[PDB]
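Here is the structure we will look at.
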Amino acid sequence: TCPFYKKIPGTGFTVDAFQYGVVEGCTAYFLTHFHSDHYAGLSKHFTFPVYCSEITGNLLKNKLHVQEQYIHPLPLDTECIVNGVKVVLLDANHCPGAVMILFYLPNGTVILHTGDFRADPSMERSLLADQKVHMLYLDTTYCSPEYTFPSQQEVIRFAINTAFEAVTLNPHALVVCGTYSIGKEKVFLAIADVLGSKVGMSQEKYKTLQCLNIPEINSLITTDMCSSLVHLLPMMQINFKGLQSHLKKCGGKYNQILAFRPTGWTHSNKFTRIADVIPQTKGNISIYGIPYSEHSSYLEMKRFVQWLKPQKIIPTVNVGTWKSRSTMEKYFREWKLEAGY
Ligand code: NI
């Protein structure tokens, strides 16, 4: 049974609600992004209208085989009428194709559903500038002040400089980058660009990347692993055993691996600057954990909410414990008292 924080009151609409069977009263199912916790339940047998971005619709058709007649892609930044209700899709600054949804309810209430997002000051000059929001359904993944991490630009600068130094010292070093979902493509694209290489990967991952509308993608990626010195592997293989095994397969082309694990936050963020990050090393293999986040930090979330001044907040993450719910409610009241709304 579908939980309350996935229903949009006053509509026939749900958000990210495909694992509950046929939801009573639902006439249109929105999908914010192509991450498995959110699409859980969708397949080629789905026969209700799915509303989403173009990129998400490419993934639904090619990866999950949902039939074309049920996929309803909408352009971004554009007022659209769906089943008699005005909606807008906004870029969420999460993974490719990820949106926030603005719903203009028939009674005059305005609702923002962030989906998953990484708040940014640029969102203060979107279509959100123009009107008031009564209800905010908020991605609260990192809603606590201990969750700190650098900008995505600082993280990429560290990765590019680290990879370029290692391979210039040793032209026979291979770079490997872990993946388990869409998102965080800039990690491996920026490294391959500084090295003058295409990125090599499995046929299954190539297919996924081909759905993302990335400019000049055919110039950037390949399934011919032997021609490439940046390889993508499943995240589960990014350990000394999996990497050893991979280096065997390369036919003595390489004699060293430098590997990256983009994580979200880890507690080593509580002590260490990005600049001071060091790898784990065993022989000719080194592994870096890099804090590349596609979710808001505490400070970025607080800024966004203090700007938007919603009348009510409904969290969509960390909702399963009373302690998490109480913590999040305390910070919402601080923010409101401090800013005066
Ligand atoms: Ni996500």
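Positions of Cβ are backbone-derived with ideal geometry, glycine not excepted, and every protein chain shown enters the neighbour counts. Quick note: the coordinates plus some simple rules give every number you see, no bench work behind them.
Please give the Cα centre distance for region 276-301 versus region 91-110, rounded to the nearest Å. About 31 Å separates the Cα centre of region 276-301 from the one of region 91-110.
Too long at a 27 Å Cα-Cα cut-off: which of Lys249/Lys270; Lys184/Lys336; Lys198/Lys249; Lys270/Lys330?
Values: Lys249/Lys270 38 Å; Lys184/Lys336 33 Å; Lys198/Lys249 19 Å; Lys270/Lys330 22 Å.
Result: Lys249/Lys270; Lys184/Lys336 exceed 27 Å.
Between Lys282 and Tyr104, the FRET efficiency from the beta-carbon distance, with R0 = 56 Å, is close to 0.50. The residue among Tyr292, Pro234, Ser197 whose Cα reaches farthest toward the positive pole of the charge dipole of region 148-295, with charges on the beta-carbon of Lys, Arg, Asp and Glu, is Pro234.
Enclosing the Cα atoms of region 193-301 in their convex hull gives a volume equal to 151 cubic angstrom per residue.
Applying 1/(1 + (r/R0)^6) with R0 = 51 Å to the Cβ-Cβ distance of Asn161 and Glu24 gives a FRET efficiency near 0.40.
Rounded to the nearest 5, what % of DSSP beta bridges with both residues in the chain are antiparallel?
35 percent
Using a Gaussian network for the chain with springs between C-alpha atoms less than 10 Å apart, which of these wobbles most: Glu154, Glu216, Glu124? The residue that fluctuates most here is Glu216. Roughly what angle does helix 185-194 make with the longest principal axis of the chain, taking Cα atoms, 0 to 90 degrees, to the nearest 10? It is inclined by approximately 30 degrees. The order of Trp307, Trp335, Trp322, going from fewest to most other C-beta atoms within 10 Å of their C-beta, is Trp322, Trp307, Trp335.
Can you tell me the dipole magnitude for the chain around its Cα centre, using point charges on the Cβ only (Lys, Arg +1; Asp, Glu -1), in Debye to the nearest 20?
Roughly 780 debye, rounded to the nearest 20.
For the chain, the ratio of Cα radius of gyration to the globular rule of thumb 2.2 N^0.38 Å stands at 1.07. Spatially, region 111-133 and region 9-46 are offset by 22 Å when compared through their Cα centroids.
Under 25 Å of direct C-alpha separation, and excluding same-chain neighbours fewer than eight residues apart, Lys86 reaches these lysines: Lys6, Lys7, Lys132, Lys309, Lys312. May I ask you to compute the full-extension gain from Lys249 to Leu64, defined as 0.36 nm times their residue separation minus their alpha-carbon distance, rounded to one decimal in nm? Full extension of this stretch gives 63.5 nm more. Taken along the Cα-to-beta-carbon direction at a fixed 7 Å, the label points for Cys80 and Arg273 span 4.6 nm. Here is how the number arises for the chain: DSSP H runs of 4 or more residues each give -39500 (n - 2.57), the sum is divided by the residue count, and the result at 222 nm is -8000 deg cm²/dmol.
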